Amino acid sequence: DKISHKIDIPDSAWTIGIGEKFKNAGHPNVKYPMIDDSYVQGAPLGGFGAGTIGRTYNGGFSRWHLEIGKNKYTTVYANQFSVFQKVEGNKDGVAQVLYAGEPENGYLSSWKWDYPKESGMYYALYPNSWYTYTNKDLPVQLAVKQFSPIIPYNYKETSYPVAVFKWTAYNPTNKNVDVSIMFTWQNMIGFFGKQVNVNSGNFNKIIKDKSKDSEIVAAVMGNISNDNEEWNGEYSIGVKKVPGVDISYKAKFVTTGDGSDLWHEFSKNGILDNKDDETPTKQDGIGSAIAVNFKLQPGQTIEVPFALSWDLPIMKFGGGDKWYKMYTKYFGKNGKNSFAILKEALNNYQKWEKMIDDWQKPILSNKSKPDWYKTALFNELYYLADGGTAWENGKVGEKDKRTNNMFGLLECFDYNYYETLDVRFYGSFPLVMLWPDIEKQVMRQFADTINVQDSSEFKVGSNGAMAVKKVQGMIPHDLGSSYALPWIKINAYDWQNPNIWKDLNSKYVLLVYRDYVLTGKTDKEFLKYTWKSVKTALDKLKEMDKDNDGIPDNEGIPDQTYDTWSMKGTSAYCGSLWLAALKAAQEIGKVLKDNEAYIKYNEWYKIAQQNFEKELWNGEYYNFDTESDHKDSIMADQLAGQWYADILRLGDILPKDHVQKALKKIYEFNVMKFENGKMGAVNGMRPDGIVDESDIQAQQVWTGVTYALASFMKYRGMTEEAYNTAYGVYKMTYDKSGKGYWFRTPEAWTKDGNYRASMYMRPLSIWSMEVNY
């Protein structure tokens, strides 16, 4: 391996061998059906709201999120980089597809598959990833750096449906070597959203652009129809000419055949036929190829950039709404713009690279933080682009711009709900810290729902009761599902009735105040916008105080985020959240000079604080609640309210000394007595040091709960404890001794390591460990 010295891969990059098998992989621990796409994953490509593409550590384009809100795991074998090499003065060269695998069909059987083991590495530090190719049979060594321009405080390039592939080639040998790198791509118009004749009318064309200071060759893959449907638009692949390099192409090869139409050219001399053919296919799948060929002398290095774009301007949800995607603001809405997106990337990728480095550098260069932590911190951000992310630039048919662009991130794919509020309380930290205009938009979406009333009835899944869908003054659980109508039909969740949950209204308030504090305490307009909704939220929750202790009563059913774990009376969780939310509203009262509100929330806070301490402090920790079976259980999340109060700079809601003791107890029990502290914090533990078995949720580690608990510890000066607590999450996710959840971090696992709900929003909470950014 001499190529690694020629490129700049940080030490904290997640690493795995191309072709490596992994023996210890977790699987779902529920009886019911649940996504398991295996451990062959990698860092995603594509912007926010653009639909994303998951290219795996094996090289295949396999995890498809281009249909917004859906997850389709299937390798499109035609999509690859391939290499040709011939040493000067030998009869024949070698040609090899850079994919550690082979088609399951008999399609493309002429290509050279099964890139060998022990012959390269994959590296990820999102939004960059890299592959190195160090193969006995390839004398010139190659590396590619691939990324999308995902840039904090940038709402433009961050939306783009584009990926750059920057290749570096090095000849360490004493002989001249001819090299070709070829990009192949299937014309994927109809891969989704077409019910029949999925390839019909698809056609490819070649664009040669010789503009100012660049020559670019590209293939544009489209369809002859000018319909404005979810399925229609263009893909493009292409390359920028650099000195010492020639370009060739093939406009059309058949992906539903043996592939020799392309490969017989490539495997001869790494040079394609430059054959155009714009005729449209009917039943056969088609694709295009772009190749570069060059000669490398001993010790010579060369760099050449390829790119991929996809212009699929329309997203469709299951209820029938059709929206334009955010990037159409910058490139247009007609689905004919793939080349423009590509050309932007090819001419500006160096600038985008420097911008990525500029945002990563302050964490990367802090040598007081261990590399493993940097690995998790950056890589968990995969979920922002990958979580079914929807970012609308208008409804189809509207003739003018709206004043706002609505946004939604899925909780996950198995529970297909946008912006789950009990979840985003933990999971939205990267948004507020790095894309705060998106964050504030999401919270304004929630503000607008507060007084929405929907009297229609639904059957509650857990107990078969009938409940009203949406009650005035109660915050919704979510903003809809991709199977229905995101942003229009709310509360898609129906396992419990969220209109009687005791955490949502509080978490809403704390999220509002958080967004103000963490963006510099200057945005009074945001507090003004949200103020009525905050006051309404807290007032409705006060009404759920049955026994007059100043605190909402949990009703003996699961009426909060732990949605099968019953709480009754005053709970540590909902009670601390309530306290913190009252103190937050007092502050907002002060900022907005609203004396009535300030005085009311102060008086409610005083009563409630006093009673909380009395009812639940036991000398070592705070009890789970006042009235349940196992009410003395140690809950890992018992002081979630004080966690948020530290972040919001609201001070002590509970005595300093009592907090410190409860956290040391949580570490001593929930962490260190659960599999030797190597798997995170288990949610519930009996004071005898044994896992609480009152419910499955008590026996789970929640990844986002645990990272948040580490933030809390860290800010209370329990540094060792914080990082040890977080380490178990990292280990399970990324390490060879874990369970193979890289780029699909789940909600939860049990002591055996098996999971629930891969690709989950909550563990974005890791960014709460970085709160001064």
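Residue numbers here begin at 1 and follow the sequence given.
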Exercise for the section: Would you mind comparing 25-33 and 706-714 for me and telling me which has the higher average C-alpha temperature factor in the entry? Expected result: 25-33
Problem - Stretch with the greater mean C-alpha B-factor as recorded in the entry, comparing 619-627 against 570-578 - result: 619-627
Practice task
Have a look at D646, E392, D478, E230 and flag the one whose Cα has the highest B-factor in the entry.
Solution key: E230
Exercise for the section: Could you say which of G222, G190, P552, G335 has its CA atom at the highest B factor, as listed in the PDB entry? Expected result: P552
Practice task
Please place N202 in the lowest, middle or highest third of its chain by C-alpha B factor as given in the entry.
Solution key: lowest
Practice task
Give the position of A95 by CA B-factor within its chain, expressed as the lowest, middle or highest third.
Solution key: middle
Problem - Ranked against its chain, the third holding the CA B-factor of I599 - result: highest
Exercise for the section: Taking the values exactly as deposited, rank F669 by C-alpha B-factor within its chain and report the matching third: lowest, middle or highest. Expected result: highest
Handout entry: Assigned third (lowest, middle, highest) for the C-alpha B factor of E157
Key = lowest
